[PDB]
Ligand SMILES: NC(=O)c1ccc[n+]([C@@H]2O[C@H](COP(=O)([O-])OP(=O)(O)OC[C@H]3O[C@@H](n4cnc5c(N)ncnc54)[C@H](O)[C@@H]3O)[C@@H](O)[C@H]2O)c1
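Read the single chain below, which is given as structure tokens and is the form solved without ligand NAD.
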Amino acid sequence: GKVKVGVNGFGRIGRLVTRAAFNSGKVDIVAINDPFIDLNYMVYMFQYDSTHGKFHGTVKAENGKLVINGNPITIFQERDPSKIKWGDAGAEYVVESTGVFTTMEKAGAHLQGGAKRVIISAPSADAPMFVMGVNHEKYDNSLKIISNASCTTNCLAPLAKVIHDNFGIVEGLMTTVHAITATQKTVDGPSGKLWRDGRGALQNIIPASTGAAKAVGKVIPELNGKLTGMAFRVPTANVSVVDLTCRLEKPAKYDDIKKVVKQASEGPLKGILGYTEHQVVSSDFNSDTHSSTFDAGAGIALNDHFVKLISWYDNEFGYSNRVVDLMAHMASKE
């Protein structure tokens, strides 16, 4: 009884969500909409990936349909989201991943096309936010338009939940070293509002502002107004790292922090929060499906009330698998 999923947009997030859905098998993709990509170019884009390698399976085109592993997928080329016929394609849930329809009113145009529920794979101004393993039990089936937050928020949340539940985070500041994305420029180029983001991504470090640490306070209501941070965008390909500097209410040695993080990663947060003690680097987490992996040896503690914790996350795969897991939990709640 798997749900039927349509995907709006065939960018990086849409292709990786389709790849995660075909790898895991939790949901079924039945429709893809993109106005600027044709069918053969869709075959070429899905088959070959510079970061995650070739697709393990068969992908081709037949009768105007995209056939992946023997499953045909209807292709739409509509630009207006209210004109996409999701209903006759059989799609029940719609993943909005273009990054330009993030409000409730803009993403609600998909409901006119026959879709039941819309999941935004981006931060939203007014839609409710859900992070898997932290507050996903708060979903109550009467919400039609929700938001899965972002990759950085998905990495920071579970981690901050365990530390807050065991030791009481008083205040903290986060820094993330982030890999390049699609919005950056190969060489110095014109960025309208963010002047730093228009500089050459290959040659530069590029400090940037982010709101994921503030969105943790939306995800965890007890931490509202206690977290903030910024980011650095370094010239790597896929893997990012989060560094959280926090002050604790209760005394906590580093071995106690390691023990409670390992215990959380084993039982309750299995598959969402990881734990390692090896001498790992960034490329050791390529195509890793965890939201965040705690690096025990990389962190440092100044005293019993002031620590800095290090975590890793694949901002492409882990996030797409969280979209699939959230969609599966949504389908189980009907």
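Definition used throughout: the rigid core is the maximal C-alpha set that superposes within 1.5 Å between two forms. Quick note: we count residues from 1 along the sequence shown, nothing fancier.
More variable segment, 96 to 104 or 184 to 192 [Cα RMS over structures in 4 other deposited structures of this protein, core-superposed] = Most displaced of the pair in 4 other deposited structures of this protein: 184 to 192.
One more form of this protein, solved in complex with ligand NAD, exists but is not displayed; see below.
key: Joint contact, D34, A122 and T181 to ligand NAD in the entry with it bound, by non-hydrogen atom at 4.5 Å   = Yes, the whole candidate spot contacts ligand NAD.
key: Among the candidates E171, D165, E78, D256, the residue which, in the entry with it bound, approaches ligand NAD to within 4.5 Å (heavy atoms)   = Contact check passes for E78.
query = Among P235, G99, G217, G90, which has any heavy atom within 4.5 Å of ligand NAD in the entry with it bound?
reply = The residue in contact is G99.
inquiry  = At 4.5 Å between heavy atoms, is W312 in contact with ligand NAD in the entry with it bound?
reply    = Result no; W312 lies far from ligand NAD in the entry with it bound.
query = Going by a heavy atom distance of 4.5 Å, is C151 a contact of ligand NAD in the entry with it bound?
reply = Looking in the entry with it bound, residue contacts with ligand NAD include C151, since a heavy atom lies within 4.5 Å.
request  = Look up in the entry with it bound whether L326 has a non-hydrogen atom within 4.5 angstroms of ligand NAD, and give yes or no.
outcome  = So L326 does not count as contacting ligand NAD.
inquiry  = Quick check on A20: any heavy atom within 4.5 Å of ligand NAD in the entry with it bound?
reply    = No, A20 stays farther than 4.5 Å from ligand NAD in the entry with it bound.
Heavy atom contact within 4.5 Å of ligand NAD in the entry with it bound, the stretch among 244 to 252, 78 to 86, 219 to 227, 157 to 165 = Selected stretch: 78 to 86.
key: Within 4.5 Å of ligand NAD in the entry with it bound: residues from 1 to 38 (heavy atom criterion)   = Counting only heavy atoms within 4.5 Å of ligand NAD in the entry with it bound, the contacting residues of 1 to 38 are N8, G9, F10, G11, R12, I13, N33, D34, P35, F36, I37.
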